[PDB]
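A quick write-up on the structure given underneath.
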Amino acid sequence: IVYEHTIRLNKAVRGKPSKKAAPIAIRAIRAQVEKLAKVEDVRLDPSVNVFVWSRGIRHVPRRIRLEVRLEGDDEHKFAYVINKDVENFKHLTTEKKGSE
Amino acid sequence: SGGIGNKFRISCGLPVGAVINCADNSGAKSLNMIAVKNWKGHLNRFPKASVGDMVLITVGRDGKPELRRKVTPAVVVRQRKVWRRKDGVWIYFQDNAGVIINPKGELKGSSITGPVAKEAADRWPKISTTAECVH
Amino acid sequence: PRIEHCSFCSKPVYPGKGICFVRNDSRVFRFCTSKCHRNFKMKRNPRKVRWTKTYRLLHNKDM
Amino acid sequence: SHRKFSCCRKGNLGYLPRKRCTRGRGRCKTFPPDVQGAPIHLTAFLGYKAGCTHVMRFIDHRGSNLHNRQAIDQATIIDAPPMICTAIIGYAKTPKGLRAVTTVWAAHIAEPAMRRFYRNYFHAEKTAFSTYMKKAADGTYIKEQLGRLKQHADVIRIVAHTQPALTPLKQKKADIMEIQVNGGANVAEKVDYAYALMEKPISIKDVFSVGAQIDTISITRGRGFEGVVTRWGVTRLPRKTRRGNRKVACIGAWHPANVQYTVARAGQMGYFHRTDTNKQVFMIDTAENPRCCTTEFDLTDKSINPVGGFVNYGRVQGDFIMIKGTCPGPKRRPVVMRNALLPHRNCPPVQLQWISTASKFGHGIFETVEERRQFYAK
Amino acid sequence: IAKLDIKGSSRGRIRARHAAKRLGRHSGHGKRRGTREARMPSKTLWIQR
RNA sequence: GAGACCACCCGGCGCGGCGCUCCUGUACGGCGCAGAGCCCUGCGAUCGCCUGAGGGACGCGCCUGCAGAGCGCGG
RNA sequence: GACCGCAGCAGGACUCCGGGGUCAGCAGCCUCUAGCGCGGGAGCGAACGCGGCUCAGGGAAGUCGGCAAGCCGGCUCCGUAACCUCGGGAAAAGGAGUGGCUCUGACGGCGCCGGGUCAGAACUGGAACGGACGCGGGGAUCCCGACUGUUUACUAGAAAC
């Protein structure tokens, strides 16, 4: 099962100090994936870590398209997320593809 | 009495220690405020004057020698801070200004220079008649 | 209702809104909002700014 | 020494203690006087606050500064969900104040009303009223109990469930506000008015006549634990001050060696239950009317829902009531309105000539959305 | 095992400003923030002269 | 709508999108038979057109895509 | 980066070599090289501090006193008093410009090459230019000491020496 969702980092880093914007965003992208994936472990591809930190530590990209593929079973349930490249987000929402 | 009529409170902008401009042809170039008539002061409150509040002012060195070294009653015609009349219009005058008036309200000199606010006119009539424009 | 027009924006100003100001030359100018007023303090020509009706008239979008 | 120059103790002491209000929302506490022989009317209603307006009106006040002159005043719109009588409550005048006698509920309690009894509805027993519903609904137990209330209790009240779904509030649990039949000719007449209204919708238009003065009681907006400078209005101590300028310099004199009740100190600055009084109701109208906010001056249909929507509120589906003046409380807050206890003797007659419907959100130059599509055209 | 480059910094932008300065594009009275003697020594014109 | 932790008001929340409305002031780019002039046959700060545009949003109406109410703990 | 301060202490310890860019500069502010993430981390953004930022109108009326903030500043060009030990004051005071482009003139070597400095113009930027950074507020007197210098390390930097 792979879920592709748009994650508003800007609507997450708001409410936290600017000097620590980027760390809070990484953690936020780890909290949100767990709720959507209904998993207990989130592993972030190094490529997402590049993207979120690309702008800097004070301001981050407003949104990052994330491909959340659950790759965990046997009660390990690790969910892997890799940043997908899109030109822009118009009619974009969670778009689950595939099944067990 | 001399100031006659009822004025709805308008926001008050000029406290004491203010050199309001003087538009009269009396020749007082500038007036420095000393007090506003009928001010019951609360502790540590500078007394303040709105458009049309009789204030006692002292003419500065720039002004004519005779009026200097004396407290003269004046009525503020223009206040820079915006004031809301009951119409709900918010109006702000370009530069703070005053006209020297008698306890009766007779001005020291006939001419009033530039705009005069409508609240000054109701309280003090002589200004109203000589006003070039009542804005 | 009663609607005036701004001395800068030229957008109809509904009653109760806007700051009305009187200049040194004894003329009332009704500013639309803080924006109509702040752009007028430094007299950035209304024509140069594209949001004012006056530029739209000059650029002919209004015709 | 002594006080030297004389000032005042800042802050009314009657309102102390300044604490988070324990009552869930505004409570009546005192109801209007009975005045036996008056027109039989209900005293109070409950609403939810909405965004403010900027109405323009004409003042026919003899011997006044603005007599016969156009003026603008500020009013707060309140959505009025139509209420339903859910029960009749009796009170007997007794040596210890008011003691209650024989409260009777309706044959069927309303579904929102049932939700009030349980903390959660879905995950709950839902067993409340099970015996009562079977006990009543045959119209016999209801009649005899109502008869007891009429015989042994002088003061009669209508328990009213308000409907939260009609308004945008996510409350979803009916709140119950007591209303009091007042002016009934004799004790019997009041009970019969209530029984007709049992399980029946009442809208605010029935409760409050237009142009009357009413009292707004609400839990006020708060800002959290605050410093003395805002909580009590004490003057800021001089800039150069070790340990910080914002604080009362001396909390007591040596001989009254304790902190006095009146001494200013930090406290929760909000959520106090507060009542304003004698505020006129400028317009009472159904929001459904397409022209509910139109005027002869308007020359367009003009509807209550403002352009861009009421900020921090919903679409005011029905019965908007505007009170001139700002009622206590933030938007989306329960506000009980009651007929005023001590109305201002001299009231300017209410003649609204225009009501502003321009976008509350942002600076809006468009009274109706249509004029805005017209301004931008293509 | 690998050795990476010095990651030398861009000297492209600097190149353009220095060529335009040769034509005098950036020599406006506001841009210079140094005394006229420092920019061209007043002794130096004389030593050449 | 309440907040130091708490407590309180509420609850299948919310996450994304879609509209509206507002904020800002014509977006990138394309085109020009605009441009002081220098000049190879091109360079050019800007200028106009597209473009009351583009961008954004915490308010507001929805929401089609995920979802959302313990097979906890007490009772 | 291990010395000495009870110690792996925002403290005190002598030099050597010292790239680019804006700039007058071994300045400030960025950067190659070169090092490296320190008595830990997460929530939460209440009071109240501590380090800044801004404020309508007026402005010292505050106060023991403009304490503190704030104003000014770079560059070019005019304009620069009283007094005076004529050396100064003096950056007195007081104004004008400053941006980016399109260009034209002055200077070492045509047979090709030097070097960016200065002027002088156009044309254009919401009516903006030292756009960050570095970076005097000014005048009127009076009282002491002439001043450059030295001082009671851990409460007095002066009129004292």
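Residue names in the structure tokens use chain letters A, B, ... in the order shown, residue numbers from 1 in each chain, and ligand numbers from 1 in the order shown.
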
> Could you pull the residues within 12 Å of residue 35 of chain A, counting only C-alpha atoms (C1' of nucleotides), minus those fewer than 6 positions along the same chain, as a list in words?
Replying inline: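 That gives residues 3, 28, 29, 41, 42, 68 and 79 of chain A; 13, 14, 15, 66, 67 and 68 of chain F.
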
Could you pull out the strand (DSSP E or B) residues of chain C, going by DSSP on the backbone, and write them as a CSV table (one decimal) with C-alpha atoms, in the first residue's frame?
```csv
chain,number,residue,atom,x,y,z
C,4,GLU,CA,-17.8,58.9,-1.8
C,5,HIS,CA,-14.6,58.2,-3.8
C,12,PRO,CA,-16.2,53.7,-3.4
C,13,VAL,CA,-15.9,54.2,0.4
C,19,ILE,CA,-10.0,58.6,7.3
C,20,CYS,CA,-11.1,62.1,6.0
C,21,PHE,CA,-8.3,64.7,6.0
C,22,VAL,CA,-8.1,68.5,5.5
C,28,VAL,CA,-11.1,67.9,2.2
C,29,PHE,CA,-9.6,64.7,0.8
C,30,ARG,CA,-11.3,61.4,1.9
C,31,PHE,CA,-8.6,58.7,2.2
```

> Could you write out, as number ranges by chain, all the residues of segment 115-229 of chain D that DSSP marks as alpha helix (DSSP H)?
Replying inline: D: 115-117, 130-135, 141-152, 187-197, 204-207, 228-229

>> Only residues of chain G matter here; which ones have an atom within 9 Å of chain B, counting only C-alpha atoms (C1' of nucleotides)? Give them as a PyMOL selection string.
In response: chain G and resi 56-61

Those residues with N, CA, C and O atoms (P, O5', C5', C4', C3', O3' and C1' of nucleotides), as a PDB file, in the first residue's frame please?
```
ATOM      1  P     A G  56       3.464  57.214  16.723  1.00  0.00           P
ATOM      2  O5'   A G  56       2.469  57.598  15.544  1.00  0.00           O
ATOM      3  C5'   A G  56       1.470  56.678  15.087  1.00  0.00           C
ATOM      4  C4'   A G  56       0.144  57.386  15.022  1.00  0.00           C
ATOM      5  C3'   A G  56       0.156  58.801  15.596  1.00  0.00           C
ATOM      6  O3'   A G  56       0.222  59.716  14.498  1.00  0.00           O
ATOM      7  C1'   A G  56      -1.419  57.461  16.760  1.00  0.00           C
ATOM      8  P     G G  57       1.297  60.942  14.446  1.00  0.00           P
ATOM      9  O5'   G G  57       0.799  61.977  15.567  1.00  0.00           O
ATOM     10  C5'   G G  57      -0.482  62.616  15.390  1.00  0.00           C
ATOM     11  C4'   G G  57      -0.877  63.269  16.688  1.00  0.00           C
ATOM     12  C3'   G G  57       0.234  64.009  17.431  1.00  0.00           C
ATOM     13  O3'   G G  57       0.479  65.295  16.880  1.00  0.00           O
ATOM     14  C1'   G G  57      -0.964  62.659  18.945  1.00  0.00           C
ATOM     15  P     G G  58       1.962  65.707  16.474  1.00  0.00           P
ATOM     16  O5'   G G  58       2.610  66.208  17.852  1.00  0.00           O
ATOM     17  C5'   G G  58       2.035  67.370  18.484  1.00  0.00           C
ATOM     18  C4'   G G  58       2.087  67.204  19.979  1.00  0.00           C
ATOM     19  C3'   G G  58       3.432  67.490  20.644  1.00  0.00           C
ATOM     20  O3'   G G  58       3.688  68.880  20.779  1.00  0.00           O
ATOM     21  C1'   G G  58       2.359  65.608  21.641  1.00  0.00           C
ATOM     22  P     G G  59       5.055  69.490  20.236  1.00  0.00           P
ATOM     23  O5'   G G  59       6.179  68.485  20.779  1.00  0.00           O
ATOM     24  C5'   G G  59       7.170  68.982  21.711  1.00  0.00           C
ATOM     25  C4'   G G  59       7.030  68.233  23.011  1.00  0.00           C
ATOM     26  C3'   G G  59       8.329  67.724  23.641  1.00  0.00           C
ATOM     27  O3'   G G  59       8.524  68.426  24.861  1.00  0.00           O
ATOM     28  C1'   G G  59       6.832  65.880  23.156  1.00  0.00           C
ATOM     29  P     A G  60       9.906  69.164  25.153  1.00  0.00           P
ATOM     30  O5'   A G  60      10.287  68.650  26.608  1.00  0.00           O
ATOM     31  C5'   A G  60       9.499  69.031  27.749  1.00  0.00           C
ATOM     32  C4'   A G  60       9.761  68.088  28.895  1.00  0.00           C
ATOM     33  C3'   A G  60      11.015  68.387  29.720  1.00  0.00           C
ATOM     34  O3'   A G  60      10.743  68.384  31.114  1.00  0.00           O
ATOM     35  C1'   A G  60      11.018  66.131  28.996  1.00  0.00           C
ATOM     36  P     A G  61      10.709  69.760  31.918  1.00  0.00           P
ATOM     37  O5'   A G  61       9.229  69.797  32.497  1.00  0.00           O
ATOM     38  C5'   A G  61       8.175  70.426  31.760  1.00  0.00           C
ATOM     39  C4'   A G  61       6.911  69.622  31.893  1.00  0.00           C
ATOM     40  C3'   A G  61       7.040  68.288  32.614  1.00  0.00           C
ATOM     41  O3'   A G  61       7.098  68.364  34.043  1.00  0.00           O
ATOM     42  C1'   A G  61       5.622  68.083  30.719  1.00  0.00           C
TER      43        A G  61
END
```

>> I'd like the contact shell of residue 10 of chain C - 12 Å cut-off, only C-alpha atoms (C1' of nucleotides), skipping same-chain residues fewer than 4 positions apart - returned as a ChimeraX atom specification.
In response: /C:3-6,29-33,36-37,46-47,50-57 /D:365

Can I get the selected residues back with N, CA, C and O atoms, as a PDB file, in the first residue's frame?
```pdb
ATOM      1  N   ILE C   3     -21.988  56.963  -0.817  1.00  0.00           N
ATOM      2  CA  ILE C   3     -20.625  56.455  -1.128  1.00  0.00           C
ATOM      3  C   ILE C   3     -19.814  57.574  -1.773  1.00  0.00           C
ATOM      4  O   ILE C   3     -20.248  58.086  -2.818  1.00  0.00           O
ATOM      5  N   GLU C   4     -18.679  57.929  -1.176  1.00  0.00           N
ATOM      6  CA  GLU C   4     -17.776  58.946  -1.770  1.00  0.00           C
ATOM      7  C   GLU C   4     -16.727  58.190  -2.578  1.00  0.00           C
ATOM      8  O   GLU C   4     -16.870  56.966  -2.712  1.00  0.00           O
ATOM      9  N   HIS C   5     -15.724  58.884  -3.102  1.00  0.00           N
ATOM     10  CA  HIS C   5     -14.637  58.152  -3.795  1.00  0.00           C
ATOM     11  C   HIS C   5     -13.306  58.578  -3.178  1.00  0.00           C
ATOM     12  O   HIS C   5     -13.237  59.706  -2.688  1.00  0.00           O
ATOM     13  N   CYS C   6     -12.303  57.703  -3.177  1.00  0.00           N
ATOM     14  CA  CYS C   6     -11.018  58.040  -2.519  1.00  0.00           C
ATOM     15  C   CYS C   6     -10.323  59.141  -3.299  1.00  0.00           C
ATOM     16  O   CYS C   6     -10.587  59.289  -4.496  1.00  0.00           O
ATOM     17  N   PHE C  29      -9.868  65.829   1.643  1.00  0.00           N
ATOM     18  CA  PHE C  29      -9.566  64.662   0.787  1.00  0.00           C
ATOM     19  C   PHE C  29     -10.022  63.448   1.590  1.00  0.00           C
ATOM     20  O   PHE C  29      -9.575  63.339   2.735  1.00  0.00           O
ATOM     21  N   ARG C  30     -10.872  62.578   1.052  1.00  0.00           N
ATOM     22  CA  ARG C  30     -11.272  61.430   1.901  1.00  0.00           C
ATOM     23  C   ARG C  30     -10.372  60.240   1.566  1.00  0.00           C
ATOM     24  O   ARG C  30     -10.547  59.675   0.483  1.00  0.00           O
ATOM     25  N   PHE C  31      -9.460  59.863   2.462  1.00  0.00           N
ATOM     26  CA  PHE C  31      -8.637  58.656   2.212  1.00  0.00           C
ATOM     27  C   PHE C  31      -9.474  57.392   2.408  1.00  0.00           C
ATOM     28  O   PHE C  31     -10.303  57.349   3.323  1.00  0.00           O
ATOM     29  N   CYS C  32      -9.270  56.401   1.554  1.00  0.00           N
ATOM     30  CA  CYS C  32     -10.046  55.139   1.536  1.00  0.00           C
ATOM     31  C   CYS C  32      -9.810  54.298   2.769  1.00  0.00           C
ATOM     32  O   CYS C  32     -10.789  53.830   3.358  1.00  0.00           O
ATOM     33  N   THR C  33      -8.546  54.113   3.114  1.00  0.00           N
ATOM     34  CA  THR C  33      -8.190  53.189   4.202  1.00  0.00           C
ATOM     35  C   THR C  33      -6.798  53.595   4.602  1.00  0.00           C
ATOM     36  O   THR C  33      -6.322  54.611   4.095  1.00  0.00           O
ATOM     37  N   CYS C  36      -4.756  53.731   1.134  1.00  0.00           N
ATOM     38  CA  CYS C  36      -4.971  54.904   0.238  1.00  0.00           C
ATOM     39  C   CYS C  36      -4.149  56.032   0.857  1.00  0.00           C
ATOM     40  O   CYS C  36      -3.440  56.721   0.109  1.00  0.00           O
ATOM     41  N   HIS C  37      -4.220  56.175   2.181  1.00  0.00           N
ATOM     42  CA  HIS C  37      -3.520  57.273   2.892  1.00  0.00           C
ATOM     43  C   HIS C  37      -1.999  57.136   2.896  1.00  0.00           C
ATOM     44  O   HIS C  37      -1.330  58.132   2.610  1.00  0.00           O
ATOM     45  N   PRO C  46      -0.514  58.378  -8.109  1.00  0.00           N
ATOM     46  CA  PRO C  46      -1.558  57.367  -8.168  1.00  0.00           C
ATOM     47  C   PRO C  46      -1.459  56.647  -9.511  1.00  0.00           C
ATOM     48  O   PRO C  46      -1.722  55.471  -9.569  1.00  0.00           O
ATOM     49  N   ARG C  47      -1.085  57.383 -10.552  1.00  0.00           N
ATOM     50  CA  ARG C  47      -0.920  56.756 -11.883  1.00  0.00           C
ATOM     51  C   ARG C  47       0.145  55.661 -11.795  1.00  0.00           C
ATOM     52  O   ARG C  47      -0.093  54.585 -12.325  1.00  0.00           O
ATOM     53  N   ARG C  50      -0.656  50.497  -9.781  1.00  0.00           N
ATOM     54  CA  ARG C  50      -1.656  49.853 -10.668  1.00  0.00           C
ATOM     55  C   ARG C  50      -2.955  49.505  -9.957  1.00  0.00           C
ATOM     56  O   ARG C  50      -3.871  49.028 -10.630  1.00  0.00           O
ATOM     57  N   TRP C  51      -3.056  49.722  -8.661  1.00  0.00           N
ATOM     58  CA  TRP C  51      -4.315  49.287  -8.014  1.00  0.00           C
ATOM     59  C   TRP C  51      -5.313  50.437  -8.039  1.00  0.00           C
ATOM     60  O   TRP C  51      -6.515  50.170  -7.929  1.00  0.00           O
ATOM     61  N   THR C  52      -4.818  51.662  -8.198  1.00  0.00           N
ATOM     62  CA  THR C  52      -5.704  52.852  -8.229  1.00  0.00           C
ATOM     63  C   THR C  52      -6.494  52.896  -9.528  1.00  0.00           C
ATOM     64  O   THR C  52      -5.925  52.580 -10.585  1.00  0.00           O
ATOM     65  N   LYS C  53      -7.743  53.338  -9.449  1.00  0.00           N
ATOM     66  CA  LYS C  53      -8.613  53.391 -10.649  1.00  0.00           C
ATOM     67  C   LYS C  53      -7.935  54.322 -11.637  1.00  0.00           C
ATOM     68  O   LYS C  53      -8.046  54.092 -12.840  1.00  0.00           O
ATOM     69  N   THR C  54      -7.281  55.352 -11.126  1.00  0.00           N
ATOM     70  CA  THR C  54      -6.683  56.330 -12.051  1.00  0.00           C
ATOM     71  C   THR C  54      -5.678  55.620 -12.965  1.00  0.00           C
ATOM     72  O   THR C  54      -5.707  55.908 -14.171  1.00  0.00           O
ATOM     73  N   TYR C  55      -4.838  54.718 -12.455  1.00  0.00           N
ATOM     74  CA  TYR C  55      -3.925  54.059 -13.421  1.00  0.00           C
ATOM     75  C   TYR C  55      -4.748  53.230 -14.389  1.00  0.00           C
ATOM     76  O   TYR C  55      -4.441  53.216 -15.573  1.00  0.00           O
ATOM     77  N   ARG C  56      -5.773  52.561 -13.888  1.00  0.00           N
ATOM     78  CA  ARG C  56      -6.505  51.674 -14.814  1.00  0.00           C
ATOM     79  C   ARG C  56      -7.059  52.528 -15.961  1.00  0.00           C
ATOM     80  O   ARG C  56      -7.046  52.063 -17.112  1.00  0.00           O
ATOM     81  N   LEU C  57      -7.529  53.735 -15.649  1.00  0.00           N
ATOM     82  CA  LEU C  57      -8.070  54.633 -16.695  1.00  0.00           C
ATOM     83  C   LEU C  57      -6.946  54.978 -17.666  1.00  0.00           C
ATOM     84  O   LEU C  57      -7.171  54.897 -18.879  1.00  0.00           O
TER      85      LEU C  57
ATOM     86  N   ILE D 365     -14.690  46.492   0.650  1.00  0.00           N
ATOM     87  CA  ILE D 365     -15.430  47.635   0.056  1.00  0.00           C
ATOM     88  C   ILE D 365     -16.714  47.113  -0.594  1.00  0.00           C
ATOM     89  O   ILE D 365     -17.362  47.901  -1.296  1.00  0.00           O
TER      90      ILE D 365
END
```

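Using only C-alpha atoms (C1' of nucleotides), the residues found no farther than 7 Å from residue 16 of chain F, other than those of its own chain fewer than 4 positions away, are residues 5, 6, 93 and 94 of chain A.
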
Name all residues at most 7 Å from residue 10 of chain B (count only C-alpha atoms (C1' of nucleotides); drop same-chain ones fewer than 6 positions away) and give them as a short mmCIF file (atom, residue, chain, number, x, y, z; two decimals) with N, CA, C and O atoms, in the first residue's frame.
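See selection_11.cif below for the written result:
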```cif
data_model
loop_
_atom_site.label_atom_id
_atom_site.label_comp_id
_atom_site.auth_asym_id
_atom_site.auth_seq_id
_atom_site.Cartn_x
_atom_site.Cartn_y
_atom_site.Cartn_z
N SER B 50 -8.73 69.01 23.14
CA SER B 50 -9.26 68.50 21.84
C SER B 50 -9.55 69.68 20.91
O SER B 50 -9.22 70.81 21.29
N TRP B 83 -10.03 62.47 14.91
CA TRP B 83 -11.13 62.45 15.91
C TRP B 83 -12.42 61.96 15.26
O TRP B 83 -12.66 62.29 14.09
N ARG B 84 -13.21 61.16 15.97
CA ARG B 84 -14.43 60.58 15.37
C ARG B 84 -15.65 61.37 15.83
O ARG B 84 -16.01 61.26 17.00
N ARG B 85 -16.29 62.09 14.92
CA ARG B 85 -17.54 62.79 15.29
C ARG B 85 -18.64 61.74 15.33
O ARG B 85 -18.40 60.65 14.81
#
```

> Taking into account only C-alpha atoms (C1' of nucleotides), which residue in the set G:9, G:48, G:118, G:91 is nearest to chain D?
Replying inline: G:48

>> When you look at residue 45 of chain G with a cut-off of 10 Å (counting only C-alpha atoms (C1' of nucleotides)), what residues show up, excluding the ones that are within fewer than 2 positions of it in the same chain? I need them as a VMD selection string.
In response: (chain A and resid 15 to 17) or (chain F and resid 4)

Proximity check chain F to chain C, 12 Å, nearest pairs one decimal Å, only C-alpha atoms (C1' of nucleotides), as CSV:
```
residue,atom,partner,partner_atom,distance
F:23,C1',C:35,CA,11.5
F:24,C1',C:51,CA,10.4
F:25,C1',C:51,CA,6.3
F:26,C1',C:50,CA,7.3
F:48,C1',C:59,CA,9.3
F:49,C1',C:59,CA,10.5
F:51,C1',C:50,CA,10.7
F:52,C1',C:51,CA,5.9
F:53,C1',C:50,CA,10.3
```

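Picture a line from atom CA of residue 47 of chain A to atom CA of residue 81 of chain A; it runs 9.5 Å.
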
> Could you list, as a ChimeraX atom specification, every residue of chain G that has an atom within 12 Å of an atom of chain A, counting only C-alpha atoms (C1' of nucleotides)?
Replying inline: /G:42-45

>> Using Å and a single decimal, report how far atom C1' of residue 123 of chain G sits from atom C1' of residue 103 of chain G.
In response: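 These two atoms are separated by 10.2 Å.
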
>> Set the cut-off to 8 Å and count only C-alpha atoms (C1' of nucleotides): what are the residues of chain D that reach chain F? Output as a count of residues only.
In response: 24

>> Could you tell me which residues of chain C sit within 9 Å of chain D when counting only C-alpha atoms, and give me the result as a list in words?
In response: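 Interface list for chain C against chain D: residues 1, 2, 11, 12, 13, 14, 15, 16, 17 and 33 of chain C.
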
>> One number please: atom CA of residue 226 of chain D to atom CA of residue 247 of chain D, in Å, one decimal.
In response: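 Interatomic distance, atom CA of residue 226 of chain D to atom CA of residue 247 of chain D: 11.1 Å.
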
Where does chain D meet chain B within 12 Å, residue by residue, with the nearest atom pair and distance in Å to one decimal for each, counting only C-alpha atoms, listed by chain and rising number, as JSON lines?
```
{"residue": "D:3", "atom": "CA", "partner": "B:43", "partner_atom": "CA", "distance": 11.9}
{"residue": "D:4", "atom": "CA", "partner": "B:43", "partner_atom": "CA", "distance": 11.1}
{"residue": "D:5", "atom": "CA", "partner": "B:43", "partner_atom": "CA", "distance": 7.7}
{"residue": "D:6", "atom": "CA", "partner": "B:43", "partner_atom": "CA", "distance": 7.4}
{"residue": "D:7", "atom": "CA", "partner": "B:43", "partner_atom": "CA", "distance": 5.9}
{"residue": "D:8", "atom": "CA", "partner": "B:43", "partner_atom": "CA", "distance": 8.8}
{"residue": "D:9", "atom": "CA", "partner": "B:43", "partner_atom": "CA", "distance": 11.8}
{"residue": "D:10", "atom": "CA", "partner": "B:43", "partner_atom": "CA", "distance": 11.9}
{"residue": "D:54", "atom": "CA", "partner": "B:88", "partner_atom": "CA", "distance": 9.1}
{"residue": "D:55", "atom": "CA", "partner": "B:88", "partner_atom": "CA", "distance": 10.3}
{"residue": "D:56", "atom": "CA", "partner": "B:87", "partner_atom": "CA", "distance": 8.5}
{"residue": "D:57", "atom": "CA", "partner": "B:87", "partner_atom": "CA", "distance": 9.6}
{"residue": "D:58", "atom": "CA", "partner": "B:87", "partner_atom": "CA", "distance": 10.1}
{"residue": "D:59", "atom": "CA", "partner": "B:86", "partner_atom": "CA", "distance": 10.7}
{"residue": "D:63", "atom": "CA", "partner": "B:6", "partner_atom": "CA", "distance": 10.2}
{"residue": "D:64", "atom": "CA", "partner": "B:6", "partner_atom": "CA", "distance": 8.3}
{"residue": "D:65", "atom": "CA", "partner": "B:6", "partner_atom": "CA", "distance": 6.4}
{"residue": "D:66", "atom": "CA", "partner": "B:86", "partner_atom": "CA", "distance": 7.6}
{"residue": "D:67", "atom": "CA", "partner": "B:86", "partner_atom": "CA", "distance": 11.2}
{"residue": "D:68", "atom": "CA", "partner": "B:87", "partner_atom": "CA", "distance": 11.7}
{"residue": "D:69", "atom": "CA", "partner": "B:87", "partner_atom": "CA", "distance": 8.0}
{"residue": "D:70", "atom": "CA", "partner": "B:87", "partner_atom": "CA", "distance": 6.1}
{"residue": "D:71", "atom": "CA", "partner": "B:87", "partner_atom": "CA", "distance": 4.1}
{"residue": "D:72", "atom": "CA", "partner": "B:88", "partner_atom": "CA", "distance": 5.4}
{"residue": "D:73", "atom": "CA", "partner": "B:88", "partner_atom": "CA", "distance": 7.8}
{"residue": "D:74", "atom": "CA", "partner": "B:88", "partner_atom": "CA", "distance": 10.0}
{"residue": "D:235", "atom": "CA", "partner": "B:44", "partner_atom": "CA", "distance": 9.8}
{"residue": "D:236", "atom": "CA", "partner": "B:44", "partner_atom": "CA", "distance": 11.9}
```

Using only C-alpha atoms (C1' of nucleotides), determine which residues lie at most 12 Å from residue 73 of chain A, disregarding the query and same-chain residues fewer than 4 positions distant; provide the list as an mmCIF file with N, CA, C and O atoms, in the first residue's frame.
```
data_model
loop_
_atom_site.group_PDB
_atom_site.id
_atom_site.type_symbol
_atom_site.label_atom_id
_atom_site.label_comp_id
_atom_site.auth_asym_id
_atom_site.auth_seq_id
_atom_site.Cartn_x
_atom_site.Cartn_y
_atom_site.Cartn_z
ATOM 1 N N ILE A 1 0.877 -1.204 0.000
ATOM 2 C CA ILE A 1 0.000 0.000 0.000
ATOM 3 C C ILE A 1 0.898 1.234 0.000
ATOM 4 O O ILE A 1 1.748 1.332 0.895
ATOM 5 N N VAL A 39 0.804 3.375 11.476
ATOM 6 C CA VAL A 39 1.974 2.529 11.846
ATOM 7 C C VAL A 39 2.574 3.034 13.157
ATOM 8 O O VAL A 39 2.084 4.048 13.675
ATOM 9 N N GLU A 40 3.596 2.348 13.674
ATOM 10 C CA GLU A 40 4.298 2.836 14.889
ATOM 11 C C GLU A 40 5.779 3.148 14.624
ATOM 12 O O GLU A 40 6.441 3.600 15.570
ATOM 13 N N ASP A 41 6.296 2.909 13.415
ATOM 14 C CA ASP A 41 7.704 3.282 13.100
ATOM 15 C C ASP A 41 7.755 4.083 11.803
ATOM 16 O O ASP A 41 7.215 3.598 10.796
ATOM 17 N N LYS A 77 6.065 -3.440 11.107
ATOM 18 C CA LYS A 77 5.379 -2.280 10.482
ATOM 19 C C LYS A 77 6.254 -1.032 10.306
ATOM 20 O O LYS A 77 5.799 0.026 10.763
ATOM 21 N N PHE A 78 7.443 -1.105 9.700
ATOM 22 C CA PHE A 78 8.190 0.147 9.399
ATOM 23 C C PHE A 78 7.568 0.773 8.146
ATOM 24 O O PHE A 78 7.330 0.042 7.168
ATOM 25 N N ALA A 79 7.298 2.079 8.181
ATOM 26 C CA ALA A 79 6.707 2.765 7.013
ATOM 27 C C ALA A 79 7.766 3.642 6.357
ATOM 28 O O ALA A 79 8.293 4.522 7.044
ATOM 29 N N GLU A 100 -2.616 -4.616 0.004
ATOM 30 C CA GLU A 100 -1.720 -5.629 0.628
ATOM 31 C C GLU A 100 -1.005 -6.451 -0.447
ATOM 32 O O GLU A 100 0.236 -6.512 -0.379
#
```

>> Calculated over only C-alpha atoms (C1' of nucleotides), which of the candidates F:41, F:32, F:46, F:19 has the smallest distance to residue 102 of chain G?
In response: F:46
